[PDB]
Each structure stands twice: as C-alpha cells, then as structure tokens.
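Engineer: Before I ask anything, here is the structure I am working with.
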Amino acid sequence: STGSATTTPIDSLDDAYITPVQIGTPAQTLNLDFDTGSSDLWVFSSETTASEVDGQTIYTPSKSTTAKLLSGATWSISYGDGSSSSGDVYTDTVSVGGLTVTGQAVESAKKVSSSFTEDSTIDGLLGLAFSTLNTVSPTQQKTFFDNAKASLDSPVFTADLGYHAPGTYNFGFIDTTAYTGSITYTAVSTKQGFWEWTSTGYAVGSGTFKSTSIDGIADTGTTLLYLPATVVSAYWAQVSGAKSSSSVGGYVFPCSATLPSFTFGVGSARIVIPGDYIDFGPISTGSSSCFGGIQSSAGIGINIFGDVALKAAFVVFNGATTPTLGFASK
C-alpha cells in the first residue's frame, strides 16, 4: 500500500504545516501537524476542556462506530517550545492520503496549553519519530508509520515541504519526479528516539564550505533551524545590523536586508537554503526589525534541522531495519 497527502502552511510565514487526516467511521477529517520530532497522535476532541477550544475541529469518539476506549491509558506530553497537552486514549481507524491503519491509538486531549488553544488552524499532532518516545501509559503505543510499515510497498515516508506553498507527505514510495539529481543517504541514531544524524558542515552565502560534524535531528514539527552558536554567529555576521536580542529571544535583523543563503552538508552532497527562507518577518506588526530563521541551539541541548532546512530538500525517512535519512535537492 501507499498514501499521499498534501501539506499546507498554516500562515504566510510557514510557521507550521497541516495535513488532513481521516479519523473514525464515518470519517472525521482533522488537520494535523505532522511532527517527525515526537511520537504521539493527539487531537482536540469532545473531551477537551471547553475554554481551551477556540476554532479547532474536534474528534468526537462517540460518533465513530469503530472507536473503542483504550481502558486505563493516559498520555501527557511537553514539547521543546514549552507547550503541552494530556488526556486519555481511543483506538480507531486512521487514514492519511488513502493509506489506512486500523487500531491506531488516537490520544484525546482533555487539556491543552495556551499556544495550542490560540492556534485555530491546528487540530492536533501526528508524531513520526520513533515509537520509543510515545507517552501513553501504562502501555506505550505505536506511531501511525510504525503501524502502517508492514503494509507499505517500501518502509519509508517522505517530506516535501513547500516554501510559502503546499507540499506533500508520501508513505510507502519515493516519487522520483519530486526531486533533482540523486538522493544522498546518511546514518541515523535512534538512541534518543529521534531521526538524529550528523551533517558534514556548512557554508554562508558564497563563502567556502567548513567541514565540521554537526549532530542534529530532522524535525518537521519545529519551524526554524537551530545550530551551534559558532555557526549561527558566522551566519548573522554577514548581515549588516543583525544582532542577538535577549528581549526578543534570538537573532533579529533589519527588514531592509537581503539575506545570504545557508548551505548544509549531507555526506559529500550540499543542500542550499535560499536567503529568503530565513526571513520570518517583523518581530511585531509594523516593526522594521525582522526575526531570523537560523537561531542558536545553545539553550536547547540538541541541534534541530527544522522546517527552514527541510523545506529546501526532498527528505526520505527510511524506516528499514537500520533506519537512514535521505536528502535531495529539488
């Protein structure tokens, strides 16, 4: 089997991407944030505290003839941005782009933090990291990809995120028309539950490539590119007037600037992020200070290849017995 679904930016900055997902019988379609940095499929629901729902579409298990309470199971998750959610668990039929999993754990939110309430465009998350990170207790549950894997033509999914435009998540096949050149594959460590890999270095603009190993994660659920402070300083030093602002929370730059590109290494191959992809616009409406798309990881504990980096590539998440990641230009 295979599946193919379009993913669409939630706003004009590509802050996140939503993909329609069918849950239950008859189908209830919710727009979920596919997140290769976490491993829970959770949704706004008929059980979510009413004051914490503000425009989202909700899953109502009592209207699904295939829903069943997973008795005794609870979940609770906290994300790197400080947001969180928790609740109980149903199993139900879940389909993405024509690919159907029966018995998928659908985590129903009883509580969500303010950032989720305040984002009316995201109805939940669909985690695509390794199932060892799933938070359901006392019986840990499998991700959608883990459940579908055996039925897939090939044990892979691909992320093809657009710059200010829709893109595609495919399951079970590699669309050879969606990229240019060849795909370069690189080793993955699953020891922390993430799609963790080592980039071979970087370049700023037209500058020379610096060979240096940068361990980090491929995370579709993080907006920006978070790298070591040395790398990020070298980037922003090429932008007149750019500076790190403690009050704003990162590097800012004059909105009048033209930003240089940023290149990262995948083995001997190179992925170029155009300068425009690094512009996240005014820090507040009408400001002439703009927020940068490359930020320091120093306060995180891990480097994160988020959407800024991934949307410059066609990315293969290879879930074979020994997982690997593939990157191609497009």
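We label chains A, B, ... in the order they appear in the structure tokens, count residues from 1 in each chain, and number ligands from 1 in the order shown.
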Can you list, as a ChimeraX atom specification, all residues belonging to stretch 114-191 of chain A that DSSP tags as strand (DSSP E)?

Structural biologist: /A:124-127,156-160,167-171,184-187

Engineer: Which residues come within 6 Å of stretch 204-221 of chain A, counting only C-alpha atoms, excluding same-chain residues fewer than 3 positions away, as a list in words?

Structural biologist: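 Once the nearby chain positions are removed, what remains is residues 35, 36, 37, 195, 196, 197, 198, 199, 200, 201, 235, 260, 261, 262, 303, 304, 305, 306 and 307 of chain A.
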
Engineer: Any idea what the distance is between atom CA of residue A:100 and atom CA of residue A:74?

Structural biologist: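 Computed distance, atom CA of residue A:100 to atom CA of residue A:74, equals 24.0 Å.
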
Engineer: Would you please work out which residue, of A:80, A:127, A:61, A:254, is nearest to residue A:108 when using only C-alpha atoms?

Structural biologist: A:61

Engineer: At a cut-off of 8 Å, using only C-alpha atoms, what residues contact stretch 76-78 of chain A? Leave out same-chain residues fewer than 3 positions from it and give the result as a list in words.

Structural biologist: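 Neighbouring residues, sequence-local ones excluded: residues 82, 83, 84, 85, 86, 87, 135 and 136 of chain A.
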
Engineer: Could you write out the selected residues, including N, CA, C and O atoms, as a short mmCIF file (atom, residue, chain, number, x, y, z; two decimals), in the first residue's frame?

Structural biologist:
data_model
loop_
_atom_site.label_atom_id
_atom_site.label_comp_id
_atom_site.auth_asym_id
_atom_site.auth_seq_id
_atom_site.Cartn_x
_atom_site.Cartn_y
_atom_site.Cartn_z
N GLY A 82 7.80 24.55 25.18
CA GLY A 82 7.12 24.75 26.44
C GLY A 82 5.63 24.46 26.41
O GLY A 82 4.98 24.57 27.45
N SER A 83 5.08 24.10 25.26
CA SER A 83 3.67 23.76 25.17
C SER A 83 3.45 22.33 25.65
O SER A 83 4.39 21.55 25.81
N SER A 84 2.19 21.98 25.90
CA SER A 84 1.86 20.68 26.46
C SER A 84 0.40 20.34 26.23
O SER A 84 -0.43 21.20 25.91
N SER A 85 0.08 19.05 26.40
CA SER A 85 -1.28 18.55 26.31
C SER A 85 -1.34 17.19 26.99
O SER A 85 -0.31 16.56 27.22
N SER A 86 -2.56 16.77 27.34
CA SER A 86 -2.72 15.48 28.01
C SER A 86 -4.17 15.01 27.89
O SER A 86 -5.07 15.78 27.60
N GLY A 87 -4.38 13.71 28.13
CA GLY A 87 -5.74 13.19 28.11
C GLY A 87 -5.77 11.68 28.20
O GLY A 87 -4.89 11.07 28.82
N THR A 135 4.15 8.69 24.64
CA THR A 135 3.93 8.95 26.07
C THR A 135 2.78 8.18 26.69
O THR A 135 2.52 8.35 27.89
N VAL A 136 2.09 7.31 25.95
CA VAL A 136 0.95 6.63 26.55
C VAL A 136 1.41 5.68 27.65
O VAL A 136 2.38 4.93 27.49
#

Engineer: Between A:190, A:25, A:233, A:324, which is the closest to residue A:91 once you count only C-alpha atoms?

Structural biologist: A:25

Engineer: Point out the residue among A:264, A:130, A:144, A:163 with the least atom-to-atom distance to residue A:93, counting only C-alpha atoms.

Structural biologist: A:144

Engineer: Using only C-alpha atoms, find the one residue out of A:162, A:323, A:241, A:138 that sits nearest to residue A:73.

Structural biologist: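 Between A:162, A:323, A:241, A:138, the residue approaching residue A:73 most closely is A:138.
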
Engineer: Out of A:29, A:1, A:296, A:184, which residue has the shortest atom-to-atom distance to residue A:244 when counting only C-alpha atoms?

Structural biologist: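 Under the stated criterion, the closest residue is A:296.
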
Engineer: Do a neighbour search on residue A:13 at 9 Å with only C-alpha atoms, toss out local chain neighbours closer than 6 positions, and write the hits as a list in words.

Structural biologist: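 Those residues are residues 163, 164, 279, 280 and 281 of chain A.
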
Engineer: Just to be explicit: take each residue in the selection above, keep C-alpha atoms, and write the result as a JSON list (two decimals), in the first residue's frame.

Structural biologist:
[["chain", "number", "residue", "atom", "x", "y", "z"],
["A", 163, "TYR", "CA", 8.30, 27.49, 0.69],
["A", 164, "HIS", "CA", 5.20, 29.68, 1.01],
["A", 279, "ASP", "CA", 13.24, 35.73, 6.79],
["A", 280, "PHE", "CA", 10.48, 35.34, 9.41],
["A", 281, "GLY", "CA", 9.23, 38.88, 9.14]]

Engineer: Ranking A:226, A:171, A:327, A:202 by minimum distance to residue A:265 and counting only C-alpha atoms, which one comes first?

Structural biologist: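 Of A:226, A:171, A:327, A:202, the one nearest residue A:265, counting only C-alpha atoms, is A:202.
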
Engineer: When DSSP is applied to the backbone of this structure, which of stretch 12-86 of chain A are assigned helix (DSSP H, G or I)? Write them out as an NGL selection string.

Structural biologist: :A and (50-52 or 61-63)

Engineer: Take the residues that were just selected and, keeping N, CA, C and O atoms, output them as a PDB file, in the first residue's frame.

Structural biologist:
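This is the output file selection_5.pdb:
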ATOM      1  N   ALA A  50     -13.689  22.957  27.544  1.00  0.00           N
ATOM      2  CA  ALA A  50     -14.324  23.813  26.543  1.00  0.00           C
ATOM      3  C   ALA A  50     -13.606  25.153  26.399  1.00  0.00           C
ATOM      4  O   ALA A  50     -13.449  25.667  25.281  1.00  0.00           O
ATOM      5  N   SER A  51     -13.148  25.726  27.514  1.00  0.00           N
ATOM      6  CA  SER A  51     -12.464  27.017  27.480  1.00  0.00           C
ATOM      7  C   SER A  51     -11.124  26.966  26.756  1.00  0.00           C
ATOM      8  O   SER A  51     -10.543  28.023  26.473  1.00  0.00           O
ATOM      9  N   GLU A  52     -10.620  25.775  26.461  1.00  0.00           N
ATOM     10  CA  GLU A  52      -9.344  25.594  25.779  1.00  0.00           C
ATOM     11  C   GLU A  52      -9.512  25.278  24.300  1.00  0.00           C
ATOM     12  O   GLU A  52      -8.510  25.044  23.606  1.00  0.00           O
ATOM     13  N   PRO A  61     -15.337  10.781  19.649  1.00  0.00           N
ATOM     14  CA  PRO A  61     -15.321   9.316  19.521  1.00  0.00           C
ATOM     15  C   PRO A  61     -16.698   8.690  19.601  1.00  0.00           C
ATOM     16  O   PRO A  61     -16.919   7.643  18.983  1.00  0.00           O
ATOM     17  N   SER A  62     -17.635   9.294  20.338  1.00  0.00           N
ATOM     18  CA  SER A  62     -18.962   8.703  20.476  1.00  0.00           C
ATOM     19  C   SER A  62     -19.725   8.668  19.156  1.00  0.00           C
ATOM     20  O   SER A  62     -20.726   7.953  19.060  1.00  0.00           O
ATOM     21  N   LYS A  63     -19.290   9.431  18.149  1.00  0.00           N
ATOM     22  CA  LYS A  63     -19.900   9.412  16.823  1.00  0.00           C
ATOM     23  C   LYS A  63     -19.197   8.472  15.851  1.00  0.00           C
ATOM     24  O   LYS A  63     -19.595   8.402  14.683  1.00  0.00           O
TER      25      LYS A  63
END

Engineer: Skipping near chain neighbours, those fewer than 3 positions away, what residues fall within 8 Å of stretch 44-48 of chain A using only C-alpha atoms, listed as a short mmCIF file (atom, residue, chain, number, x, y, z; two decimals) with N, CA, C and O atoms, in the first residue's frame?

Structural biologist:
data_model
loop_
_atom_site.label_atom_id
_atom_site.label_comp_id
_atom_site.auth_asym_id
_atom_site.auth_seq_id
_atom_site.Cartn_x
_atom_site.Cartn_y
_atom_site.Cartn_z
N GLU A 52 -10.62 25.77 26.46
CA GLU A 52 -9.34 25.59 25.78
C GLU A 52 -9.51 25.28 24.30
O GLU A 52 -8.51 25.04 23.61
N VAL A 53 -10.74 25.28 23.80
CA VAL A 53 -11.03 25.10 22.38
C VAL A 53 -11.48 26.44 21.82
O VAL A 53 -12.39 27.08 22.36
N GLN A 56 -10.84 25.12 16.68
CA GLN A 56 -10.35 23.87 16.13
C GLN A 56 -11.51 22.93 15.80
O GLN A 56 -12.58 22.99 16.41
N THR A 57 -11.28 22.04 14.84
CA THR A 57 -12.18 20.92 14.61
C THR A 57 -11.86 19.81 15.60
O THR A 57 -10.69 19.49 15.82
N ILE A 58 -12.90 19.22 16.19
CA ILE A 58 -12.74 18.23 17.24
C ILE A 58 -13.12 16.84 16.75
O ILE A 58 -14.02 16.67 15.92
N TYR A 59 -12.43 15.84 17.29
CA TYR A 59 -12.79 14.44 17.15
C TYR A 59 -13.80 14.08 18.23
O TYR A 59 -13.56 14.34 19.42
N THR A 60 -14.91 13.47 17.83
CA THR A 60 -15.93 13.02 18.79
C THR A 60 -15.99 11.50 18.73
O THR A 60 -16.63 10.93 17.83
N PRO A 61 -15.34 10.78 19.65
CA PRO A 61 -15.32 9.32 19.52
C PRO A 61 -16.70 8.69 19.60
O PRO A 61 -16.92 7.64 18.98
N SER A 108 -6.84 11.47 22.90
CA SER A 108 -7.85 12.50 23.01
C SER A 108 -7.45 13.51 24.09
O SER A 108 -7.24 13.13 25.25
N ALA A 109 -7.35 14.79 23.72
CA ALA A 109 -6.92 15.80 24.68
C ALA A 109 -8.05 16.15 25.65
O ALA A 109 -9.16 16.50 25.25
N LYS A 110 -7.74 16.06 26.94
CA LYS A 110 -8.58 16.69 27.96
C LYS A 110 -8.11 18.10 28.27
O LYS A 110 -8.93 18.97 28.58
N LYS A 111 -6.80 18.35 28.16
CA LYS A 111 -6.21 19.64 28.45
C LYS A 111 -5.17 19.95 27.38
O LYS A 111 -4.46 19.04 26.92
N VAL A 112 -5.10 21.21 26.97
CA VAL A 112 -4.06 21.70 26.07
C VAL A 112 -3.57 23.04 26.61
O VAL A 112 -4.34 23.78 27.24
N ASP A 123 -5.47 21.11 14.55
CA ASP A 123 -6.44 20.30 15.28
C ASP A 123 -5.78 19.18 16.09
O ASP A 123 -6.48 18.42 16.77
N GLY A 124 -4.46 19.09 16.03
CA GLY A 124 -3.71 18.06 16.73
C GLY A 124 -2.38 17.81 16.04
O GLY A 124 -2.03 18.47 15.06
#
